[PDB]
Each structure stands twice: as C-alpha cells, then as structure tokens.
Amino acid sequence: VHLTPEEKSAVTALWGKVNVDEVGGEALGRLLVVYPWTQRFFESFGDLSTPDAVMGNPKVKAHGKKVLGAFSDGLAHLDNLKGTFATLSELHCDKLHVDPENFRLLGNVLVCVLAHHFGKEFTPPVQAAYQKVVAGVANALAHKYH
Amino acid sequence: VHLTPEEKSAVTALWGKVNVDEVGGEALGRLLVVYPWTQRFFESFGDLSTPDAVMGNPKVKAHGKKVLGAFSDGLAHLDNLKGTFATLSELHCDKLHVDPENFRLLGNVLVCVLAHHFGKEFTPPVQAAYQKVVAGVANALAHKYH
Amino acid sequence: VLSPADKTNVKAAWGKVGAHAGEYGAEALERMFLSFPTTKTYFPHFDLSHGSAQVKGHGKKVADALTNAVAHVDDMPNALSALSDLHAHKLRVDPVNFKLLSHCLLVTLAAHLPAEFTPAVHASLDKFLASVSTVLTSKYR
Amino acid sequence: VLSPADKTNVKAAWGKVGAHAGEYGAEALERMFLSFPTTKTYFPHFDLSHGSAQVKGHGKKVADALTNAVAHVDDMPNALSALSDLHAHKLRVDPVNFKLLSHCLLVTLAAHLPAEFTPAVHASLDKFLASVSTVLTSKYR
C-alpha cells in the first residue's frame, strides 16, 4: 500500500512497542467474543462459551500470536503485501476455507486493541495509517481466492 | 482489471446490443427508485415523488444517458480504467461530493437491468464478467477520493 | 419495514415464480458462486459443478423458505425461527454474504420475469430480501 | 437484540463517559474523516481541520443523541424518531457510513476507557451502536 513517510513512521514507531504475543491473544479473543460466528473455524480449540473462557483459552492465545507474527512480518514489506502473503492467501482459501470478510473484522478489532492498549498515543492520524495497513493486509490475504 | 479474453469478448458482444440512452435512463431511474437516498444529488431535477415520475423525468433520462455513455466509452479501455476515469473521479470527489458507495449501487442496478433486458442470454458466466467490470469502474471512480 | 404495497408486490411476483421456485433457487446459487467466489468457502463439502444434485437440492430448500416467508410476510420472525437458529448457531455465515445471495436472487428474478419486474416491484423485492436477511441474521449475537 | 447484561454494560460504560461525551463525539468524527475519507462527502460546508468548532459542535449533538438513546434503550425507535426522519429524508446518508462512525466511536471509547472496555463491554457496545444504526436507517425506504 501507499503510505506517506509520516504514516509509515507512525506505524513503525507504534509497532516497536507492541508485545506481539499479548496483543495477538487479545485481538483474536476479542474477535471470537464480539463476532461469535467466527468461532466457526476453531471448534478444535476448547471452551469458547463465555468471554472469560475465550480470553483465557491457551490455544486462542497461541494462535493469536501465530497470526500477529505473520502480520508483523508483513509490516516489514508494506510495499508488496500481495507477494508476502500469497502463500498464506492460498492456504486460507484452499485448505482452511475462511471467508475473507473475517480478515476485515480482525483488522478492525486489532485497531480497537491498539487503541485500548496505547490510549491517547493512538491519535486519529495514527489510526488512519493503521486502517490503511489492515485493509491492505486483508486485501493481500484475499487476493488468491477463487 | 483482469478479464480473460473470453470474458472480455462476452462483455463486448452483449454491449453491442445495448441502447445506451434507454438502458441509461432505466438504470439511473431504478437507482433513484430502489435506493431513494441517492435522490439527494438531484432535487434540481423536478418531480421525483413516485416511481412513474422518476422513470418519466426527462432530466433523469438525460443524466442516465450521460453516465452510461461514459461507462460505454470506458469498456473500450478495460486495461486501464483508473487512467480513463481519473478526472471523473476527482470531479465526483472535489466538486460533486458523491459518496462512492453510489457507484456500487448503480453497478448492481445496471446488472439487474441487463438481466431484465437480455433475459436468458444474460447467463451466470456473463453476469460474472459484468460484475467484475462494474466493480472495476466503481473502483476507478473512487480512486482519487481524499 | 415492508409497506402493504410492498407485500402485494412480493406476493404477485412470487406468485408468477410459482413452480419454478426450486429451479430459480439453484440458478441464483450458481450465479453467486461464479460472481462472488468467496461464498464458496461455506460449501467445501458440495459438488459445485453446474447442475449438481446438491446445488439443485439446496436451491429448492432456499426457495421453499422464501415461499414460507412470502406466505407469512406479516410474521417472518416466527416463520423463519428455525432457520435463523440454524444460521446463527451452526452454519454461522458472515452476514455480508446474505446481500450477495439477495442480489443474485434479484438478478435471477429479473431474467425470468420480464413483464413483472417493474421499478416498483424491484424495489419491493430488494426490500423483502433485506428483511429476510435481517431475520436470518437476528440471533447471531 | 440487547440482553439485560448488554444494557447494564452500555449504561455502565456510557455512565463513565458522563460529561466528556461531547469531546468523545468530536474525536470520533475526526477519526472517521481521517480513516475513511469518503465520509467527508457529506460535510462539504464544514471546516474539517483539527480543532474545528463546527466538528466539536456536531460531535456534541451526536453524543447527546447517543446519551438520549442509552436513557431510552427499551424504546429507541420513538426516542430517535425525529433523527431517523432527518437522516432518511433530508441528509440521506448512505447506510454503509453508519458502520464507519460506529467503529470510530468504539475506537474512541477504547482510547479513553482503559479499564471499562472489557471484551464483554466491547461486545455490548458494538451491539448497541448497531441497534442505533438500524433505528436511524429504518425509514430510508
């Protein structure tokens, strides 16, 4: 995607402070709580019946970390998100059968989690820059659906 | 966008049978009837109070003809819609303040109009080719919004 | 909210659909899978090639539910209660895909009902399919 | 449909907003104009620069309507009746834009409410803003 250099250094600076394991676990857990039909893909994961059960489930936290890890690696290649995520795009279509609308919902939950975590440091221009990035990563992950 | 030569020749073939003035009048009038909030740009145009008033309004007909003629000239440049509609995108943002969701609603009403006009010749592969073209035109007209 | 005039227009149009409801139901599913390939992620267990018995079967089931909703258009929450539990708790289709099947059902009706698909009936049918989508989406959270 | 727990979670969270409701409404609008630039097409007559009195004035109106919706959360169609007339017949805001403001509102509440914006309160607030959005677009057609 196309970020102005002051949007790129807003995204970069904020992300140096993110504990990927902790924010990942929170973003995937809040996805499964706020939009519970996304639990569809995870019934091998255990008890997902209350908010407290989802946020403390160890397989949600482990998977959350896996997901934000691969998202982190895409922040390093913001000039060609489609090439970075082509293999995972193909895997989420052909093998996991994940409706790409789920990537957009996680994108917006991750902006809520960053806002919750960083408070007044997550200013309206920094949010704007992270909304272009998570729309770009959603886009990249949907590209090889067929 | 990206159409295969068999999807390009199916779009091209069917459009050779379109009366652009008549289908324009019908598509913009059905946009204004089915989704009445799109009438907000057009109170300069007179009586839009009932379905029959909308569909017989000569200004709605004249505007539908102008809109669909620019669409038609855009089917000759399917390789480069963004370049072809860049000035019209700027104009619809800066001067006419048209929410780009109106181009996606017009694109879906244009596909129901082609289906009504062409009946069983509008097959499921032909529809799929025209959905890519109208999503591409909507994208192109939304591209220089800021 | 469906106006009484919308209910008259939906009953007239779906009246003409009549016995072809099952066949139109399958055509709309096939138009959905070709036009919007991301909806195929909810049917990985189906043969989705043209004319398969699974799609024609499913088409007939979609169509009988819409016939049930037209017959009870004043009482669609109670009429589709079983179907809104099934999509909310078991299938869990993301709500964005109901708009994609409604558009392909509308396109299929357009292509088969040349005399009946007037502007006002198009409006009323779009509005009816959005109310069915809202009811099937009601109990998701 | 808001459960008794969702209403308790929205009244608690909006209670702790209290007097800052106005300031949080303006911040949510600013967030919406920068993140989703297409929503600026409904405000060509405003100064949308940072700190604008027009956005702050507008923000306070949005927030007072949401405070009125929380107080009347069992009877939101009648409380918000004049505002659904207004957005349906005069402003005529496309319905997709309500989901963009609702997300920005949630981000604003998240940024100002570190302890209250629990995963369960987040769910309840998202359901509440979707119910306000459904009422404000009820009369569009």
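A, B, C and D label the chains in the order they appear, each numbered from 1.
Keep this in mind: contacts are C-beta pairs under 8 Å (C-beta built on N, C-alpha and C of every residue); 3 or more make two chains touch, one makes a residue touch a chain.
When the interfaces B-D and A-D are ranked by C-beta pairs in contact, the top one is A-D.
Chain C and chain D have Cα centroids separated by 32 Å.
Rounded to whole angstrom units, the spacing between the C-alpha centres of chain B and chain C is 25. Among the residues of chain B, those touching two or more other chains are numbered 34. Counting partner chains per residue, chain C has residues 123, 141 touching two or more of them. Remark: the chains found to touch one another pair up as A-C, A-D, B-C, B-D, C-D. Those residues of chain D lying in contact with chain A across their complex are 27, 30-31, 34-36, 103, 106-108, 110-112, 114, 117-120, 122-123, 126.
If you check the complex, the residues on chain D that touch chain B are 37-39, 41-42, 44, 88, 91-97, 140-141. Remark: chain B residues 29-30, 33-34, 51, 54-55, 108, 111-113, 115-116, 118-120, 122, 124-125, 127-128, 131 touch chain C in the complex.
Across the complex, chain A meets chain C through its residues 34-40, 93, 97-102, 105, 142, 145-146.
The residues of chain C lying in touch with chain D in their complex are 1, 123, 127, 138-139, 141.
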